[PDB]
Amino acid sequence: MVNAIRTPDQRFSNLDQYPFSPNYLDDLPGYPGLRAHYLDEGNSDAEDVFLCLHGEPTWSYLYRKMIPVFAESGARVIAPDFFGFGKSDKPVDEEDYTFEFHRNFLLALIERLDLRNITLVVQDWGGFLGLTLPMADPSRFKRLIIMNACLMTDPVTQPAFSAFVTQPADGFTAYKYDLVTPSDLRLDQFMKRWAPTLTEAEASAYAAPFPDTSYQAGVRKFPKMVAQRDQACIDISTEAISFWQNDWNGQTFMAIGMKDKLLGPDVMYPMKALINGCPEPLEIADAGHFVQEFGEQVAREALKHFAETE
């Protein structure tokens, strides 16, 4: 029912280091006629399940270095693409994209696949949305691996989760400007700017999902949602703080990309205090916003920390 377009499959012909088979879902409750892509790697009947959520403006490709490490530890890996990203259908209207549009999609995915013993792996929007999921069904979640992210609550409740929007000028201000203003937005270039270590092939893999601007409605709406938080988003995110502080009783691992001008130390330490039982954060000096690009390290250390308490 919701007007959407689909990226030609040929756009993903030569993906660098992405040998993962596609899986799709078009029968989701509340999303009729919308096909959703997701990766399901590792033992299908595995007990532990890593749920890797991507942010703005990437896709499951972002976890390409972490998936193998998780799979080889004997776990199942689910890395879905949000509507408007990767190989999932992309609604053409920005107004179709809301906080609950993406959040309800995650809940639908979880129930449809009946995922349990989940180790939530989040970052950026994967965290903004992902961190509000456990409180809706606590029994399905076991662990959490958090990288540069927080909760989209109001400024009074947590000034740290709003301060980065305005300052500094070369932080989120420069980020959002690069995404919502160009007539001809080239994500391969944006990524090389915000992830200086990407190779030419890896950068193009982030542009692959979008042939032209009409495919980028979800990409233009995400940054706007961080700056303009609607009531549902504030109430939901504010209620999540209470979950992480008093109700959370699972293992947690935190990694911070120190060179991140958006969600670095300024945001992560206040986040660590809110998460009950959150241990000392692994600081990755050379890492920026897209911490997953230095993902093999994070994955190994996380499994190490978790394994020690198994």
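Numbers follow the displayed sequence, beginning with 1.
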query	finding
Of 292-300 and 17-25, the stretch whose C-alpha atoms average the higher B-factor in the entry	292-300
Higher-scoring stretch by recorded Cα B factor average, 141-149 or 154-162	154-162
Candidate residues 39, 69, 268, 34, the one whose C-alpha B factor the record puts highest	34
Criterion, highest CA B-factor; candidates, 207, 77, 120, 115	115
For residue 237, the third of its chain into which the C-alpha B factor falls	lowest
Ranked C-alpha temperature factor of residue 188 among modelled chain residues, by third	lowest
CA B-factor ranking of residue 228, expressed as a third of its chain	middle
CA B-factor placement of residue 61, once the chain's modelled residues are sorted into thirds	lowest
Ranked against its chain, the third holding the CA B-factor of residue 52	lowest
